[PDB]
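Below you'll find the structure, written out as structure tokens, and then a few comments.
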Amino acid sequence: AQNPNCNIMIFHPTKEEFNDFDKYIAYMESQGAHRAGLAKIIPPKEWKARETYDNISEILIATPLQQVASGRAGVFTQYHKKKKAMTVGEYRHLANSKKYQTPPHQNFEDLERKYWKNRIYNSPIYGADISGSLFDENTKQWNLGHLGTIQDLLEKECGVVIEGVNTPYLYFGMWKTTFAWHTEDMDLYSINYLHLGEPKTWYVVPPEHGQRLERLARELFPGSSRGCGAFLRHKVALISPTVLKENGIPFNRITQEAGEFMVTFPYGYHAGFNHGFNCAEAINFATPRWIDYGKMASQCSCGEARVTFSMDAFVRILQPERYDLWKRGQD
Ligand SMILES: O=C(O)CNC(=O)C(=O)O
Ligand SMILES: [Mg+2]
Ligand code: NI
Ligand SMILES: [Zn+2]
């Protein structure tokens with residue numbers, strides 16, 4: 001069995017190997033990458049996402065989210081307070097302001113310490129889930145807006161024909177902006193490219209141990225657990241590495257830098273935070289190996305998780321028994 005300790009693997013594809021996306025995902029899996037839940041892909045030196053970023057301040061963040069925490073430093077939830085629209089230029093200036101900027105620090109480890117110590121005492125503002133792409137249309141390799149769609153994968157594998165589309169999203173982060181512990185919708189893969197700016201630290205639980213994390217989460221958030229049998233779908237709960245280690249939950253950590261891709265694998269729980277102003281792009285995708293995870297994915301039916309249009313068909317086809325209840329939670 002490859003990668004039995006479920007370590008995060010880092011890949012350095014050549015330009016030739018970067019041509020065929022699906023093939024390279026399958027390659028990484030042949031080496032056991034998926035067992036970690038997360039992999040890093042460093043593009044060949046000859047590749048570029050786009051020529052420059054010199055013109056990104058005009059993008060609009062229609063609904064910036066202030067991430068307000070409740071709990072204790074290592075175990076907290078966050079809610080998103082909607083703020084008034086702002087441009088990327090406005091947001092970048094805010095990120096760099098004394099109130100929100102990254103503190104002095106020695107190295108990534110010191111900064112991680114400061115994050116876990118102090119996150120809860122601040123409410124950073126996140127520009128998340130903005131439909132769009134910053135890849136140049138002429139970038140042919142690993143262009144997140146030119147991937148094969150999840151609908152087409154399900155059609156190819158299963159023969160059914162469904163509505164729905166699959167487009168990328170932009171994320172504009174600042175110091176302490178936080179992504180809570182989650183898997184993807186329908187336990188899909190995700191791919192994330194850090195276009196520019198400061199790093200993003202990731203934590204991940206191996207898919208084969210995801211239920212260990214869920215059990216701890218039920219213990220740590222007992223009211224939330226009573227409200228919903230899949231409340232990590234709400235994407236609001238944080239648990240620190242110290243707490244995970246105290247409770248024997250297997251995990252790994254890695255820091256993604258600008259110019260790097262990360263892939264999350266089906267049912268790989270992940271969480272993390274941004275080091276300072278940055279911009280990432282991400283999208284869900286599927287492979288044949290996903291289909292079995294899609295069929296088994298938990299679902300939130302309490303109404304909190306509310307998701308895209310395109311998830312309807314996935315539930316309807318892969319989880320017909322669950323469809324009626326889940327759709328009530330959508331409606
Ligand atoms: O970048 C972020 O804030 C969150 N991204 C993801 O959870 C992902 O790419 O799957
Ligand atoms: Mg612009
Ligand atoms: Ni994710
Ligand atoms: Zn729920």
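Residue numbering restarts at 1 for every chain of the structure tokens, chains are lettered A, B, ... in their displayed order, and ligands are numbered from 1 as they appear.
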Taking only C-alpha atoms and all ligand atoms and a cut-off of 6 Å, can you tell me which residues surround ligand 1, written as a PyMOL selection string?
chain A and resi 179+190-192+282
Atoms to include: C-alpha atoms. Write the selected residues as a PDB file, in the first residue's frame.
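Output contents, as saved in again.pdb:
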ATOM      1  CA  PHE A 179     -11.638  28.198   6.571  1.00  0.00           C
ATOM      2  CA  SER A 190     -11.095  20.445  -4.773  1.00  0.00           C
ATOM      3  CA  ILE A 191      -8.204  22.168  -6.432  1.00  0.00           C
ATOM      4  CA  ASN A 192      -6.915  25.504  -5.194  1.00  0.00           C
ATOM      5  CA  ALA A 282     -10.619  27.015  -6.391  1.00  0.00           C
TER       6      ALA A 282
END
DSSP-assigned strand (DSSP E) among segment 59-269 of chain A, expressed as number ranges by chain:
A: 60-61, 65-72, 75-82, 86-87, 125-131, 169-173, 178-182, 189-197, 200-205, 237-239, 252-256, 261-264, 269
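The shortest atom-to-atom distance to ligand 4, with only C-alpha atoms and all ligand atoms taken into account, belongs to A:229 out of A:229, A:276, A:266, A:222.
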For the contact check between chain A and ligand 2, emit one row per residue of chain A within 10 Å, containing the shortest atom pair and the distance in Å rounded to one decimal, counting only C-alpha atoms and all ligand atoms, chain then rising number order, as CSV.
residue,atom,partner,partner_atom_place_in_ligand_line,distance
A:53,CA,ligand 2,1 (Mg),8.6
A:54,CA,ligand 2,1 (Mg),8.0
A:55,CA,ligand 2,1 (Mg),4.5
A:56,CA,ligand 2,1 (Mg),3.6
A:57,CA,ligand 2,1 (Mg),4.5
A:58,CA,ligand 2,1 (Mg),3.1
A:59,CA,ligand 2,1 (Mg),4.8
A:60,CA,ligand 2,1 (Mg),8.4
A:87,CA,ligand 2,1 (Mg),8.7
A:88,CA,ligand 2,1 (Mg),7.9
A:89,CA,ligand 2,1 (Mg),8.5
List as number ranges by chain the protein and nucleic acid residues near residue 311 of chain A, meaning an atom at most 8 Å away when only C-alpha atoms are counted, but skip any in the same chain fewer than 5 places from it.
A: 164, 185-186
Per-residue nearest contacts segment 247-271 of chain A to segment 19-32 of chain A, cut-off 12 Å, using only C-alpha atoms, as CSV:
residue,atom,partner,partner_atom,distance
A:262,CA,A:25,CA,11.5
A:263,CA,A:25,CA,8.9
A:264,CA,A:25,CA,10.9
A:265,CA,A:29,CA,9.6
A:266,CA,A:29,CA,11.7
Let me have all residues with an atom within 12 Å of ligand 4, counting only C-alpha atoms and all ligand atoms, laid out as a list in words.
residues 223, 224, 225, 226, 227, 228, 229, 230, 231, 232, 233, 234, 235, 236, 298, 299, 300, 301, 302, 303, 304, 305, 306, 307, 325, 326, 328, 329 and 330 of chain A
Quick one: of A:165, A:244, A:217, A:128, who's nearest to ligand 3, counting only C-alpha atoms and all ligand atoms?
A:128
Which protein, DNA or RNA residues have an atom within 7 Å of ligand 3, counting only C-alpha atoms and all ligand atoms, as a list in words?
residues 182, 183, 184, 190 and 270 of chain A
Just-selected residues, N, CA and C atoms written as a PDB file, in the first residue's frame:
ATOM      1  N   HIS A 182     -13.960  21.087   7.070  1.00  0.00           N
ATOM      2  CA  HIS A 182     -15.026  20.591   6.143  1.00  0.00           C
ATOM      3  C   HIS A 182     -14.426  19.588   5.153  1.00  0.00           C
ATOM      4  N   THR A 183     -15.314  18.782   4.534  1.00  0.00           N
ATOM      5  CA  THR A 183     -15.049  18.173   3.258  1.00  0.00           C
ATOM      6  C   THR A 183     -15.816  18.944   2.197  1.00  0.00           C
ATOM      7  N   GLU A 184     -15.576  18.629   0.940  1.00  0.00           N
ATOM      8  CA  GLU A 184     -16.312  19.290  -0.121  1.00  0.00           C
ATOM      9  C   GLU A 184     -17.753  18.826  -0.235  1.00  0.00           C
ATOM     10  N   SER A 190     -11.280  19.021  -4.443  1.00  0.00           N
ATOM     11  CA  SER A 190     -11.095  20.445  -4.773  1.00  0.00           C
ATOM     12  C   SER A 190      -9.680  20.658  -5.249  1.00  0.00           C
ATOM     13  N   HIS A 270     -10.469  19.315   5.839  1.00  0.00           N
ATOM     14  CA  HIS A 270      -9.431  20.336   5.862  1.00  0.00           C
ATOM     15  C   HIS A 270      -9.955  21.615   6.494  1.00  0.00           C
TER      16      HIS A 270
END
Have a look at atom CA of residue 80 of chain A and atom CA of residue 123 of chain A and let me know their distance in Å, one decimal.
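We find that atom CA of residue 80 of chain A and atom CA of residue 123 of chain A lie 9.5 Å from each other.
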Test item: residues at most 10 Å from residue 143 of chain A, only C-alpha atoms, excluding those fewer than 3 positions along its chain, as an MDAnalysis selection string:
chainID A and resid 21 48:50 133:140 146:147 193
Find the residues of segment 176-277 of chain A that sit at most 8 Å from segment 105-116 of chain A; for each, write down the nearest two atoms and how far apart they are in Å, to one decimal. Count only C-alpha atoms. Sort by chain, then by number going up, and give it as a tab-separated table.
residue	atom	partner	partner_atom	distance
A:176	CA	A:115	CA	6.5
A:240	CA	A:116	CA	6.8
A:275	CA	A:111	CA	7.8
